[PDB]
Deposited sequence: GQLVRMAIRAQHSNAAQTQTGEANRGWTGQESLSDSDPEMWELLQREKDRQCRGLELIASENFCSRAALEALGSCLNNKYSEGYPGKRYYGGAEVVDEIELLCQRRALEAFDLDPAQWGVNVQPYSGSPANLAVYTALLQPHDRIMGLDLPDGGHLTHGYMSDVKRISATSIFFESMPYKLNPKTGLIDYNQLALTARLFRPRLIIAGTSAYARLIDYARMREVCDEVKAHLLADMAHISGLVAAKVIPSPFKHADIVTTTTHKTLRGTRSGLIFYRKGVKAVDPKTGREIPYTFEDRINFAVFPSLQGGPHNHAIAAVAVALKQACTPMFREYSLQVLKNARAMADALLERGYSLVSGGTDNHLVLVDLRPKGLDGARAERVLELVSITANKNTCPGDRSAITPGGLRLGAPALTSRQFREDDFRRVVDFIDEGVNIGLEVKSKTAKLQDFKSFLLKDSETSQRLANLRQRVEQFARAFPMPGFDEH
C-alpha cells in the first residue's frame, strides 16, 4: 500500500469477501473427509509471519528449524540418539519421494498397499500373502500406510517380513499421525526404519511434510557398533536434490502444531476422535449399514453401500449437495474405480469443532436421509451423469435436497470453528 500495514479487508474488499464466503461455507458444512481438518489460528499466524521475508538454505531461523526438529522428536517420544528428522519437506509427497530416491537404486523392487492386498473376507491386510509374495519378489522397501483402512496396522508383523527379505520398512502415518502422537494408538516408530507424515490431517496444522529416520547404532558384531546410514542420503535427497530453500514460515507453522500435539488437551482431542469414530460406526450398524472390517479402531469408517443398493460416487454427490463432504472409496471385490462401492467417513474435522458422540449420531441420521434420496433418484435414472443432472433439474428432488441442506447447515453453524474469526 502506502505502508504495507493496511488490513486485507481495507486494501482488497473483493478478496476479503471471497474469504468470508469460503469461511461461511466451512462453518455451515459437515466435513467428513477423513483426511481433512481445521487449522488452528496459532499455526496460521506463524505461517503469515515476517519469516516470509527471511530467505535461507543448507540467527533466529536456524533456531526455528532446530526448534522444529526438536519439537518433532518430542511429539513422537523419540530419542535423538536413535531418530533424526528432516523438517524441511514442503508437503507430504516430497517427504515420500525424498525417501525412495534416498534409499533405492533404479529398477529396485518396492511393495505397498493397493503391491499387497486386503483379505476381502475380513477386510484386513492379508499379512500371510504379503509375506509369501515378498519372498517371491524380494522388495528392497515395503511401505506401511493407507488412507482408507479402519484398523490398526500390524507394524511388528511387517517388520518380520522386512527382517526376513532384508527390506527397509517405511511407515506412512500421514492419516493417523495425531493419534500416534497422543499415544491413543500404537506407534510405528517401534518397528519402522523410516516414518513419513504430513502435518494437516490429525496433527491439525498446515500442509507440510516430515521424514523421520533411524540414526546411530543399528547392531553390534558379535566393525563392532554397526551404524544406520539413512541420514546423509535422506538429507541430500531433500536439499539440494528435490527442493530449494525451506519455507521458514512454513517450518515455524509446523513447530507450532507439533508443540500443540504434546499437550494433554491434544490427547483428549485424540481420544474423542476415536470415540466419535466408534459412535459413528455403531449408529451406521444400528441402521443396518455394512462396514468394511465390521467397524473401526481409528479415525475413520469405511461404509460398503453395495448391500444397500447405492454406490459411493452417487452417495458422495447427493451428500455434497446437502453440505455433507465425504469421499467415495473402493471396497474389496469392486469392479469399477468410477462407481466404487464405498464411502469413507472420518471423525477428525468435526471433533475439532467440539462434536461429541451424540452429535455424530445426528450426522449419521442426516447421511441416512441423503442415501435415501440417492436410492430414490437411482430408481428413476440410468447413467451416472443422468443421476447427477436429475439432482439439479428434478423439481421434487431439488426441493427435498434443499430441505435437508437447510437443516444440515442450521445444525453445523452452531458449532465453533478453529482458525481466525472472519477469514
**Request:** Return the ranges of the deposited sequence not covered by C-alpha coordinates, sorted by sequence position.
**Result:** 1-25, 84-93, 150-177, 286-287
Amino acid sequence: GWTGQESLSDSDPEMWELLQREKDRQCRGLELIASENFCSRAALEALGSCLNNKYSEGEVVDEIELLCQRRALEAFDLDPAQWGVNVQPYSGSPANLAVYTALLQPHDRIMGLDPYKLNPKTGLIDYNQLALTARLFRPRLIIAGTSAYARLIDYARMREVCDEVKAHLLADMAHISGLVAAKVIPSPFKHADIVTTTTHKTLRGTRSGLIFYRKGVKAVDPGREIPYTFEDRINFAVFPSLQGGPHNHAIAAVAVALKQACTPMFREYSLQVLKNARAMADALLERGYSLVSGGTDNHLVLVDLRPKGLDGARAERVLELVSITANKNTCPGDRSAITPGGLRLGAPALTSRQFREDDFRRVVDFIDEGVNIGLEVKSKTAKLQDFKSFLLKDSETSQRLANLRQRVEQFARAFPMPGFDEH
From here on, numbers count along this sequence of modelled residues.
**Higher-B stretch (mean Cα B-factor, as the entry records it), 103-111 or 255-263** = 103-111
**Asked** Where do the C-alpha atoms have the higher mean temperature factor in this entry, in 329-337 or in 269-277?
**Response** 329-337
**Item:** Member of 183, 306, 191, 314 with the greatest C-alpha B factor (per the PDB record)
**Value:** 306
**Asked** Looking at 210, 150, 162, 350, which has the biggest Cα B factor in the entry?
**Response** 162
**Fill in**
residue 397: CA B-factor among chain residues, third -> middle
**Request:** Among all modelled residues of this chain, ranked by Cα B factor, put residue 40 in the bottom, middle or top third, i.e. lowest, middle or highest.
**Result:** lowest
**Complete:** For residue 302, the third of its chain by CA B-factor is the lowest
**Request:** Would you mind checking where the Cα B-factor of residue 225 ranks among the modelled residues of its chain, as the lowest, middle or highest third?
**Result:** highest
**Request:** Would you mind ranking residue 372 by its C-alpha B-factor against the rest of the chain and naming the third, lowest, middle or highest?
**Result:** middle
